[PDB]
2 protein chains.
Amino acid sequence: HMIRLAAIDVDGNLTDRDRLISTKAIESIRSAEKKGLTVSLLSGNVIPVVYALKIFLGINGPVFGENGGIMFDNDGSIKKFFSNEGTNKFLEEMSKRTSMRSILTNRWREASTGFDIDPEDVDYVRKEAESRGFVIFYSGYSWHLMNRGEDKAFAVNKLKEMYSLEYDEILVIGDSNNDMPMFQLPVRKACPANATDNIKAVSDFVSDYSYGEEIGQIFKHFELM
Amino acid sequence: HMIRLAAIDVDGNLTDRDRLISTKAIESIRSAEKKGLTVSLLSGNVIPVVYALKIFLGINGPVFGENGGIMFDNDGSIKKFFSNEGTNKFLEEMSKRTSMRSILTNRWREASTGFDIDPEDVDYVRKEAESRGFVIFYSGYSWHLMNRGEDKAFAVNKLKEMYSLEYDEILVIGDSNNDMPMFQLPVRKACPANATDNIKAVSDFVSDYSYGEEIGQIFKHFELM
Ligand SMILES: [Ca+2]
Ligand SMILES: [Ca+2]
Ligand SMILES: [Ca+2]
Ligand SMILES: [Ca+2]
Ligand SMILES: [Ca+2]
Ligand SMILES: [Ca+2]
């Protein structure tokens with residue numbers, strides 16, 4: 001199967017040590033898109049933020065924010081698949097008796113709730129969260145309180161359906177456990193040199209580079225650029 | 001959306017207090033099926049065993065064994081999605097330096113490997129397994145050495161395509177942790193009164209019953225009988 005679409009984790013794979021966007025990665029993406037590849041970006045940040053990457057970086061596929069819970073379309077519209085009414089309420093309550101706190105970007109969230117929390121309160125909040133049908137994990141700039149099933153697997157399955165692709169026509173690039181939901185799918189997989197052992201274990205290609213420089217080598221390996 | 005297909009995990013949902021099949025559950029399935037419902041059964045058993053359930057229980061849809069890795073189709077054929085060459089090899093090697101041992105039913109396995117092991121060796125073996133792209137867990141009658149992504153979510157997604165349904169037209173019934181994958185999909189969800197706390201929290205309908213009695217209640221709730 002020839003790769004037709006690549007779903008990339010923004011924070012895990014397109015940035016450097018200082019979290020700045022990698023320019024070589026941007027050039028690799030543009031070069032590959034010029035050759036027919038469709039690219040989709042996925043992030044835990046808010047939709048206007050990933051929207052900004054779409055228009056400035058030049059992403060030709062849809063982009064997702066809030067870990068797959070909200071997407072910006074090819075027709076310029078925004079669609080969310082989960083609501084933040086419950087996660088927002090959970091935060092309001094927990095913040096009354098824990099260090100769990102709201103973050104600035106929550107003002108632009110629509111399908112989940114981001115937060116900061118003292119490491120000591122993580123175990124307790126996670127148990128309360130799961131008893132409520134939510135899950136929590138960290139990615140990018142913060143922790144994210146999400147609805148169960150609101151993840152990257154959801155987003156990649158959505159892309160597959162939107163583009164009528166076979167799983168093997170899809171390549172996913174990630175780096176850690178919060179990317180496992182999409183790596184456990186029957187898609188093609190690639191990761192950076194600093195990816196977790198479990199992600200490397202199931203990847204079709206493990207790059208010799210990281211911090212954005214794995215994109216160019218990955219695409220060259222799959223003959224996409 | 002109206003439910004058109006129910007994907008049901010056998011163990012803990014179709015079994016009673018003695019891990020025996022519930023006769024009330026069997027009659028409930030046959031009744032719903034007469035009224036138009038397609039039912040699919042999933043479990044960790046080998047394919048001839050779930051095949052036995054299909055023909056004697058009277059299941060009108062596909063059945064899955066080895067936790068989703070092998071299916072007995074509507075055309076009397078068996079389709080395997082993963083291979084057991086690698087996992088069988090792993091068990092062979094590990095058995096030479098750990099308590100991990102093959103089990104009789106592996107004589108009928110085709111897409112994964114079943115096993116027994118002393119509890120204290122679990123950690124050593126899981127670490128070795130994950131470094132090879134496999135996973136291990138206990139369910140039903142033994143431990144299971146699976147390929148990453150070989151699960152009930154893989155199976156339900158397959159049913160979705162096979163029947164050209166939308167996730168909202170699919171109802172899943174499960175109760176234990178290895179059933180959680182189906183619950184992470186955008187399908188309709190239900191569980192028995194004694195399902196895990198996490199499953200209960202993400203289910204749309206939680207039954208007042210268990211040991212097979214929940215199937216009737218669940219079907220009625222969704223106007224399936
Ligand atoms: Ca990641
Ligand atoms: Ca990273
Ligand atoms: Ca973020
Ligand atoms: Ca593959
Ligand atoms: Ca058991
Ligand atoms: Ca079960």
# chains A, B, ... in the order shown; residues from 1 in each chain; ligands from 1

$ residues_near_ligand --ligand "ligand 4" --cutoff "7 Å" --atoms "only C-alpha atoms and all ligand atoms" --output "PyMOL selection string"
chain A and resi 168+186-188

$ write_last_selection --atoms "N, CA and C atoms" --output "PDB file, in the first residue's frame"
ATOM      1  N   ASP A 168      -3.701   0.771   5.714  1.00  0.00           N
ATOM      2  CA  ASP A 168      -2.331   0.743   5.236  1.00  0.00           C
ATOM      3  C   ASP A 168      -1.965   1.861   4.276  1.00  0.00           C
ATOM      4  N   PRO A 186      -4.295  -0.525  12.584  1.00  0.00           N
ATOM      5  CA  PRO A 186      -3.588  -1.224  11.504  1.00  0.00           C
ATOM      6  C   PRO A 186      -2.940  -0.313  10.472  1.00  0.00           C
ATOM      7  N   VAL A 187      -2.571   0.886  10.905  1.00  0.00           N
ATOM      8  CA  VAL A 187      -1.951   1.865  10.031  1.00  0.00           C
ATOM      9  C   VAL A 187      -0.445   1.658   9.936  1.00  0.00           C
ATOM     10  N   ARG A 188       0.202   2.444   9.079  1.00  0.00           N
ATOM     11  CA  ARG A 188       1.652   2.386   8.946  1.00  0.00           C
ATOM     12  C   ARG A 188       2.148   3.304  10.067  1.00  0.00           C
TER      13      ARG A 188
END

$ residues_around --residues "segment 136-149 of chain A" --least-positions-apart "3" --cutoff "7 Å" --atoms "only C-alpha atoms" --output "list in words"
residues 11, 44, 87, 112, 113, 114, 115, 116, 126, 133 and 154 of chain A; 184 and 185 of chain B

$ residues_around --residues "residue 28 of chain A" --least-positions-apart "4" --cutoff "12 Å" --atoms "only C-alpha atoms" --output "number ranges by chain"
A: 14, 22-24, 32-35, 37, 39, 57-59, 212-220, 224-225

$ write_last_selection --atoms "C-alpha atoms" --output "mmCIF file, in the first residue's frame"
data_model
loop_
_atom_site.group_PDB
_atom_site.id
_atom_site.type_symbol
_atom_site.label_atom_id
_atom_site.label_comp_id
_atom_site.auth_asym_id
_atom_site.auth_seq_id
_atom_site.Cartn_x
_atom_site.Cartn_y
_atom_site.Cartn_z
ATOM 1 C CA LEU A 14 7.160 18.813 15.025
ATOM 2 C CA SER A 22 10.960 22.868 13.564
ATOM 3 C CA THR A 23 11.584 24.562 10.222
ATOM 4 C CA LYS A 24 13.135 21.498 8.589
ATOM 5 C CA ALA A 32 5.898 15.910 0.608
ATOM 6 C CA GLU A 33 2.555 17.651 0.108
ATOM 7 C CA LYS A 34 3.801 18.975 -3.238
ATOM 8 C CA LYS A 35 4.240 15.358 -4.273
ATOM 9 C CA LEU A 37 0.713 13.446 0.207
ATOM 10 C CA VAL A 39 -1.150 15.784 5.834
ATOM 11 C CA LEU A 57 2.585 26.004 7.750
ATOM 12 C CA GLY A 58 0.384 25.063 4.797
ATOM 13 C CA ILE A 59 -1.330 21.843 5.868
ATOM 14 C CA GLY A 212 11.422 17.529 13.926
ATOM 15 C CA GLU A 213 14.311 16.062 11.936
ATOM 16 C CA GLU A 214 12.637 12.626 11.871
ATOM 17 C CA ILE A 215 9.922 13.915 9.484
ATOM 18 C CA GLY A 216 12.268 14.364 6.527
ATOM 19 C CA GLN A 217 13.900 10.972 6.998
ATOM 20 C CA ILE A 218 10.537 9.275 7.577
ATOM 21 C CA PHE A 219 9.076 10.690 4.355
ATOM 22 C CA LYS A 220 12.226 9.781 2.444
ATOM 23 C CA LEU A 224 6.989 10.420 -0.012
ATOM 24 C CA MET A 225 9.586 13.086 -0.506
#

$ interface_residues --of "chain B" --to "chain A" --cutoff "10 Å" --atoms "only C-alpha atoms" --output "list in words"
residues 127, 129, 130, 131, 132, 133, 134, 147, 148, 149, 150, 151, 153, 154, 157, 180, 181, 182, 183, 184, 185, 186, 197, 198, 199, 200, 201, 202 and 203 of chain B

$ select_by_dssp --residues "segment 4-222 of chain B" --states "helix (DSSP H, G or I)" --output "ChimeraX atom specification"
/B:23-34,47-58,66-68,85-94,104-108,119-130,152-163,167-169,177-183,197-202,213-221
